[PDB]
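First the structure, in the form of structure tokens, and then the observations on it.
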Amino acid sequence: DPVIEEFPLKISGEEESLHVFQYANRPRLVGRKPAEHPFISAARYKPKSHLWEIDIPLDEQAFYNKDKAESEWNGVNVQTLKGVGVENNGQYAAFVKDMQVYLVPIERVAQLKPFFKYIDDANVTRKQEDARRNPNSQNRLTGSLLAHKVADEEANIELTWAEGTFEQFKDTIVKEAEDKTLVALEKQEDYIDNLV
Amino acid sequence: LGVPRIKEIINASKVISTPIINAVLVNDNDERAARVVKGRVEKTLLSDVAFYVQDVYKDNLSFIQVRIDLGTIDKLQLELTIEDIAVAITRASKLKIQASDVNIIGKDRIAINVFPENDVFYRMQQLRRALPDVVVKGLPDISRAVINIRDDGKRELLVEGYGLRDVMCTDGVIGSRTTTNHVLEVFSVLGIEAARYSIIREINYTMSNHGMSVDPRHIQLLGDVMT
Amino acid sequence: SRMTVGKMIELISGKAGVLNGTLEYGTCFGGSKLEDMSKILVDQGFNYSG
Amino acid sequence: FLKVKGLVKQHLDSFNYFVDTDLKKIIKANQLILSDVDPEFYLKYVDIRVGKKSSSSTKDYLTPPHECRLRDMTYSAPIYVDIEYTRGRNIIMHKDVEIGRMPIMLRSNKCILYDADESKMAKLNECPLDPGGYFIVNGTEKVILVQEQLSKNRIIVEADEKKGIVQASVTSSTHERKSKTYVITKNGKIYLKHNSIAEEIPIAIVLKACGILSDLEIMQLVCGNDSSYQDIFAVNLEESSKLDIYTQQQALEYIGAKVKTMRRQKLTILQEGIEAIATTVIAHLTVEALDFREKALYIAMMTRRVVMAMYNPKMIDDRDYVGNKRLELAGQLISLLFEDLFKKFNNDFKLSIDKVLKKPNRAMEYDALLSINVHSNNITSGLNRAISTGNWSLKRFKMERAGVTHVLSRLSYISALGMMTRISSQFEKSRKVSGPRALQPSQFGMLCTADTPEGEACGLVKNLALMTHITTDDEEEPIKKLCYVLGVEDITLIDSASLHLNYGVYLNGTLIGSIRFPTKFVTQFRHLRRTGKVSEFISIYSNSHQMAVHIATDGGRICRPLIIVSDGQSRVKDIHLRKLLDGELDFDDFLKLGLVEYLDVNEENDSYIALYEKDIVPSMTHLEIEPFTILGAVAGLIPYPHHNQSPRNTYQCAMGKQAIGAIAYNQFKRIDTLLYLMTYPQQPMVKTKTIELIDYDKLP
Amino acid sequence: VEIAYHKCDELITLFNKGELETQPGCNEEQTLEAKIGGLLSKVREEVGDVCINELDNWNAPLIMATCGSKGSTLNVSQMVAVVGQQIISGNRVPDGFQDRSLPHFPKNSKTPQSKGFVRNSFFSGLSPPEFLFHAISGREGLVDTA
Amino acid sequence: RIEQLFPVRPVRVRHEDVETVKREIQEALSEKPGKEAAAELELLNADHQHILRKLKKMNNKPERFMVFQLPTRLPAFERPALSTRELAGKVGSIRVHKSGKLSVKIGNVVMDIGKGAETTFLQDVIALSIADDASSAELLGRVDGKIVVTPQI
Amino acid sequence: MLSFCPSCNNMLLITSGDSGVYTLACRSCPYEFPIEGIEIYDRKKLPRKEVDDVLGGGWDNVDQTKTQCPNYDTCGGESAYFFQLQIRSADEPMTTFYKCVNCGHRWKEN
DNA sequence: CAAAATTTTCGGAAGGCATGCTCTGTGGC
DNA sequence: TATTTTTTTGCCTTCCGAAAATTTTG
RNA sequence: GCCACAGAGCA
Ligand SMILES: [Zn+2]
Ligand SMILES: [Zn+2]
């Protein structure tokens with residue numbers, strides 16, 4: 001029952017706007033070792049619709065099938081992952097510095113799943129070229145239809161992808177968290193009284 | 001038995017619930033002979049005789065490889081050979097296969113080739129799924145067969161199904177003493193007078209099981225009016 | 001043919017209750033036991049079986 | 001218990017919940033009326049009341065029930081609504097706007113007989129021993145019978161062995177919309193069918209129209225790590241390849257190309273498919289954004305249940321199980337009727353408003369409330385006839401029920417008492433044995449084991465037990481947040497591959513997420529229930545075969561109180577009983593101290609109940625309060641029924657309602673169409689506890 | 001009844017271990033049900049036969065059974081001695097709950113008292129589970145009559 | 001590296017052994033360096049040991065993250081009361097006992113800690129900055145496991 | 001065949017192509033797996049249950065005979081157990097079962 | 001001999017049908 | 001006007017494309 | 001009075 005060691009737990013970064021991606025296709029462990037992280041080329045994010053789009057260039061030397069891509073898919077060489085950021089409450093991304101656990105709130109979690117926009121583009125181009133050869137007050141949309149329409153109308157924001165910036169984030173989180181020290185107010189029973 | 005049995009007898013019901021064919025064996029005092037005769041009438045699926053079924057793709061050829069068990073055949077004493085399974089696979093009309101595709105590799109291997117934008121894979125998967133449900137031995141309509149040892153000690157092979165003619169034509173079964181509770185089956189096999197006797201016997205058995213004591217002349221009148 | 005022993009127990013319980021002066025209970029899975037009512041009937045000069 | 005929760009007071013509790021709470025929900029469902037002629041015009045309902053003006057300090061005067069019985073009137077209270085509407089150039093709100101008259105049930109909170117002493121009952125010419133629970137419509141006293149239905153917002157899996165097909169059906173029921181969805185098996189393949197969709201949709205396509213876009217994720221959700229389930233389900237993955245549907249937009253095109261729904265606004269085919277997925281496939285699950293995870297997971301687990309049923313037919317759901325059935329009381333049925341009545345009233349009012357505003361001379365908004373009255377009676381009659389005729393025909397929900405209300409039988413006191421707590425079965429044409437007509441063991445202590453009529457209705461109509469409670473709807477969002485704080489993983493941040501490697505959590509049949517430790521979660525939830533932090537009617541139960549923990553919050557569930565047993569000892573001691581007999585420590589405070597708790601059938605499944613204190617082994621979890629609860633009010637008249645045969649008990653449950661005797665204390669002030677009275681009634685010598693509890697000895 | 005219960009428990013634990021030999025036409029579950037039903041019918045008949053030979057002359061149910069005017073030996077054996085096994089649809093009491101008949105019995109219990117054996121006579125009064133099982137059988141009879 | 005481009009074969013377990021293999025699979029999905037109540041206690045002790053080991057192995061290593069699932073309403077702290085989003089600085093501690101169990105003390109309340117669901121998919125932490133001049137999305141590391149902190153009752 | 005594409009985790013289908021050689025192609029994304037010189041096979045191991053030897057135990061305490069086993073190239077055993085059985089009609093000869101005492105390989109003659 | 005007309009087979013949908021008599025009461029045009 | 005549930009089960013024949021099988025032309 | 005609806009009686 002006596003404690004032999006305690007590790008401090010701090011919270012910082014109320015304005016970081018931290019997001020967490022979840023690649024539904026990329027496995028975490030291959031064999032027994034962690035898998036290599038994919039290389040991200042382009043990133044797009046609609047702000048008010050929270051639509052994340054990540055482009056990953058796939059290898060063309062091995063297992064590419066140049067003919068089909070150059071014929072009907074306009075020579076696509078990048079696989080795109082689309083996801084929607086869901087507001088999840090109570091999630092904190094944590095790191096450890098001098099055996100002290102620092103937490104940063106996670107704003108949204110995105111479920112990135114494969115997207116095939118070239119297939120849709122080919123289909124709509126075929127429909128247009130087959131319809132133009134021989135053809136033969138209203139904003140009452142609410143709910144999912146309005147969300148889909150405002151997502152389609154929305155212009156994507158091109159983001160500058162970057163890596164190797166963990167040092168500045170760690171420095172600012174530790175700097176913000178280390179100075180302040182909070183002492184408790186509520187009793188143990190009072191927490192069980194409301195929303196245990 | 002009871003009211004549902006009377007109902008399904010007094011009308012010409014093509015399909016009845018739990019039909020029983022009671023075959024009388026030629027060798028009625030041997031368990032081995034009785035079970036060998038059961039192996040001739042009880043249906044044996046390809047799943048019961050095959051170790052594995054697999055789909056094999058090569059550089060330009062695709063085929064289903066099936067490897068069967070001769071040990072289980074010898075242990076259950078089915079009079080069955082490799083060409084029997086080959087012709088049974090060929091006879092499966094729903095599989096859409098022909099004898100030109102089936103080939104014999106080794107003593108245990110049967111190869112079913114598939115020849116031709118994506119119909120080959122769909123046909124290949126459909127054939128693999130439908131193959132281990134084909135009947136290589138036994139009658140197609142017999143659900144199961146049981147050897148029953150009566151009070152006298154003699155053994156009778158009683159089966160669930162609709163193949164009276166095939167049971168009474170099977171070797172080891174006396175065809176002059178094989179009966180069925182189904183009456184239209186008896187009418188199709190033996191004639192109209194046998195159907196009349198089947199009606200009378202089945203109605204009398206149903207009445208006598210409950211002990212209602214109905215005079216048999218009324219039953220004879222009903223059987224004559226039906227036929 | 002109908003096996004209504006509860007009617008018999010009701011008759012005995014009613015007899016013992018009237019003679020003793022108290023309404024009896026025939027509650028399911030319980031109620032007034034038969035031995036007590038037989039004892040009341042014996043003490044009142046009647047037969048134990050009613 | 002019978003002092004507070006009672007055996008008649010299910011009708012009273014349902015009516016009180018409907019009037020006090022459910023009417024506001026029906027109003028908020030259809031609050032806004034907007035004119036197509038003029039965009040600026042709107043009329044909104046912001047509050048609804050029955051028989052009580054906001055300005056008035058007390059309830060308005062109502063005629064006594066005996067006067068309504070004698071004069072062939074209707075015992076009713078006016079419906080007041082608060083209406084805020086645009087007039088001219090400004091918004092004006094009006095309180096106490098009468099739009100109809102709700103026929104109130106006797107001895108409810110809106111009645112004159114509520115908590116009234118015997119002297120007041122003598123003044124009002126009403127018997128103090130009358131059970132209440134009926135409506136006086138046109139002088140005739142009518143009772144809304146309780147209805148058995150299959151459980152709403154739950155997946156029911158059934159199989160036809162002779163036909164070879166299986167199907168999982170869900171009956172989505174919400175105040176906004178109601179629908180039914182099937183996931184059926186045909187030719188070894190899995191399809192999704194709905195009334196709006198013209199043709200059956202393959203399950204891979206409908207899963208692709210949701211958030212899932214990969215076949216491996218579909219297979220991992222439906223099957224998981226089981227090879228047999230993958231072998232069964234691998235056929236349906238090829239249908240996405242055969243029909244060349246590979247994106248969410250293509251799947252939405254395919255779904256919306258064959259939807260028969262007709263709407264006021266013209267909709268794009270892709271938009272129509274989105275609408276069909278969002279609000280038509282599963283009605284009780286709605287989406288307000290681009291995320292479809294909950295809908296996809298619901299359909300995936302429906303398909304998983306279908307696959308499990310196809311692997312072995314013993315994993316189907318028993319349709320006759322009491323836990324799979326819900327009880328519709330008077331309140332729910334009147335709510336469902338008033339929804340249709342208010343929708344018709346709103347449509348007619350909007351049509352009249354649009355008719356007037358087409359005239360350009362009426363620049364003023366003409367005080368549109370002045371036109372309510374011509375339609376207001378269309379509610380009132382629409383209520384009264386639906387209770388008078390007893391026919392419940394609602395074309396909005398495709399409902400054609402007949403025989404909901406029955407004339408209150410006054411052949412005996414026990415006849416009137418026992419016609420309340422009758423339950424009307426769903427299937428009234430089932431002539432088969434061991435179906436709805438069989439006495440399931442699941443109704444032990446929930447429904448009467450002897451009270452059923454002999455004849456064409458044997459086993460269909462049935463009666464409640466003595467000590468039972470029927471749950472009313474509770475809020476699910478606090479329970480959802482409690483699930484999230486107790487350690488349940490969210491559905492939007494978990495792996496599809498490892499979903500079936502750990503127990504899932506189901507809040508009202510909807511997969512809320514996954515839990516790592518199910519038993520600790522169940523124990524903590526039970527501790528919170530017994531302490532009082534959540535409602536006592538929330539049911540927690542873990543199913544190991546499905547690998548799930550289920551939390552039920554909605555109403556319609558039959559419940560029964562039981563004494564908790566911990567460490568092989570009953571939690572009710574002698575001190576608690578002597579305090580109860582002294583006068584303090586009532587049943588609610590037994591609930592608060594956690595000595596007794598309510599168990600429904602599903603929670604009774606994961607329980608071990610001891611009938612007597614001498615039979616307690618330390619594996620017991622609950623103790624029976626008293627066994628003769630398993631017999632109802634009528635069956636409680638039988639003395640020593642465990643010494644008899646069951647058919648005799650059934651026959652006397654039938655014939656106790658035909659006994660000639662005293663009816664009520666005001667039987668000589670009543671004028672009924674047929675009344676048999678006994679000159680010299682006597683109470684029996686061989687009584688029963690049920691006789692004393694229902695006051696049958698007062699009117700023998 | 002104790003001898004029959006002990007033998008039934010021996011077959012139950014034999015089936016649970018897995019070395020219960022099967023009947024020629026039945027699997028393990030079916031042969032276990034058939035054997036348990038046979039032993040329960042045998043103990044019913046034996047207790048009834050002991051009961052009937054013990055009743056004295058001028059016994060009204062015995063006289064009415066001897067005449068054939070009303071009743072039979074089985075009804076007298078039910079009133080005075082063990083009521084016996086309750087048969088529903090040709091089998092014992094089905095599992096209304098998950099893997100058991102009632103919550104008052106342990107899970108996966110196949111003991112005679114947990115599947116529809118009414119040990120008590122109609123004179124001695126039925127226990128609540130025996131009451132429920134007898135009610136199930138009677139309801140089935142009335143439904144068939146209807 | 002091309003072995004990752006081989007066709008993906010799903011994991012398949014027979015129906016008879018689907019419940020027994022889960023103990024092996026839960027351990028195999030992570031990197032290798034009443035009956036139900038007892039089983040859950042043993043699993044909780046194993047999870048506590050794994051959480052302590054994982055916390056020790058990620059000390060000062062860059063690009064390393066681990067997701068806490070805390071209660072959505074943390075205990076109130078008086079202002080220097082405070083909102084659930086406004087907590088800053090030290091809020092509690094993670095305490096290890098001699099038996100190996102771990103307890104998270106926040107304010108004055110003690111909470112249990114578990115390893116949560118096992119995830120086979122890849123997770124990475126992204127810092128987002130939406131600016132008119134230059135909008136940058138930055139990668140900070142990947143998530144190595146999850147832990148859940150639950151109030152004890 | 002149940003294989004999924006590594007790029008998008010979608011179902012892989014075998015295509016004949018223009019060259020006439022099968023390839024594991026993905027119809028969603030540009031991915032192909034050639035199989036020239038590589039044999040791809042998916043095996044469905046059917047469940048095998050225990051079967052009682054219907055002829056087993058019938059060769060104990062029976063007369064022997066001097067009949068050569070059919071596998072003469074592998075062994076030259078002559079003494080073999082034999083017995084009679086009627087599994088046919090009564091008007092056709094009773095069939096004869098033989099078991100070699102050295103190599104097994106039980107056979108029925110006629 | 002293989003195209004092509006012809007005959008037979010095989011499923012799925014569509015109607016038809018389901019104890020007897022007897023007695024009240026209520027509701028709506 | 002156009003959101004929107006079922007409320008028995010089993011058996012039976014007739015019709016009618018569709019498909020398989022067989023005959024018949026060229 | 002017509003029409004359905006609802007309950008009830010006897011095996
Ligand atoms: Zn791919
Ligand atoms: Zn040899």
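What's counted below: heavy atoms across the whole structure, side chains too, no hydrogens, waters or symmetry copies. Each chain gets a letter, A, B and so on, in the order the sequences are listed, and its residues count up from 1.
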Of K14(B) and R326(D), the one whose closest DNA chain I nucleotide lies more 5':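 Result: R326(D).
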Given DNA chain I, 5'-ward residue of the pair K395(D) and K432(D), judged by closest heavy atom: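 Final value for this comparison: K395(D).
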Over 12 foreign heavy atoms within 6.0 Å of CD, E456(D):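 At most 12 heavy atoms, drawn from other residues, nucleotides or ligands, come within 6.0 Å of this atom.
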Neighbour count above 12 (heavy atom, 6.0 Å) for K395(D) NZ: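 Atom NZ in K395(D) is crowded, with more than 12 foreign heavy atoms closer than 6.0 Å.
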Whole-angstrom distance between [N] and [M], as gauged at atom [atom1]:
N       : M       : atom1 : result
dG28(H) : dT3(I)  : P     : 30 Å
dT24(H) : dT7(I)  : P     : 36 Å
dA2(I)  : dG25(H) : P     : 46 Å
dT5(I)  : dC23(H) : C1'   : 37 Å
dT4(I)  : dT22(H) : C1'   : 44 Å
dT6(I)  : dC21(H) : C1'   : 33 Å
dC17(H) : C10(J)  : P     : 32 Å
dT14(I) : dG15(H) : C1'   : 9 Å

To the nearest angstrom, how far is [X] atom [atom1] from [N] atom [atom2]?
X       : N      : atom1 : atom2 : result
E456(D) : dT8(I) : CD    : P     : 14 Å
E428(D) : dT8(I) : CD    : P     : 5 Å
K152(D) : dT5(I) : NZ    : P     : 17 Å

Heavy-atom donor-acceptor pair, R431(D) side-chain to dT8(I) base, under 3.5 Å: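 Looking at the base of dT8(I), it does not pair with any donor or acceptor on the side chain of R431(D) (distance under 3.5 Å).
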Pair partner, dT7(I) [Watson-Crick or wobble, under 3.5 Å]: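 In the structure as shown, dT7(I) has no Watson-Crick or wobble partner.
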[N] phosphate, OP1 or OP2: any side-chain N/O from [X] under 4.0 angstrom?
X       : N       : answer
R263(D) : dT3(I)  : no
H406(D) : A6(J)   : no
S430(D) : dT9(I)  : no
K162(D) : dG10(I) : yes
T673(D) : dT26(H) : yes

Derivation and outcome, side-chain hydrogen bond (donor to acceptor under 3.5 Å, both in side chains), residues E158(D) and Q167(D): CA-CA 6 Å; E158(D) 49 203 359; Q167(D) 59 167 359; 2.7 Å; yes
Stacking status of neighbours [N] and [M] at 5.5 Å and 30°:
N      : M      : value
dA5(H) : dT6(H) : yes
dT7(I) : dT8(I) : no
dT4(I) : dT5(I) : no

Sugar geometry class by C1'-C2'-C3'-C4' for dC16(I):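 The sugar ring of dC16(I) falls in the south range (negative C1'-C2'-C3'-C4' torsion).
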Furanose pucker, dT19(H), classified by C1'-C2'-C3'-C4':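 On the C3'-endo side: north.
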Over all strands shown, is [X] touching base, sugar-phosphate only, or nothing at heavy-atom distances under 4.0 angstrom?
X       : value
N391(D) : nothing
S409(D) : nothing
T405(D) : nothing
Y651(D) : nothing

Check ion pair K398(D)-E400(D) (N to O, under 4.0 angstrom):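 Salt bridge absent between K398(D) and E400(D).
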Minimum-distance nucleotide (side-chain atoms of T140(D) versus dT4(I), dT1(I), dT26(H)):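 For the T140(D) side chain, the nearest candidate turns out to be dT26(H).
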For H182(B), the option from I9(B), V15(B), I16(B) that meets side chain to side chain contact (heavy atoms under 4.5 Å, CB included):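 Exactly one pass, corresponding to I16(B).
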Duplex segments of DNA chain H, taken as runs of at least three Watson-Crick or G-U pairs that stay under 3.5 Å: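 H:11-14 with I:13-16 - these are the stems of 3 or more pairs that involve DNA chain H.
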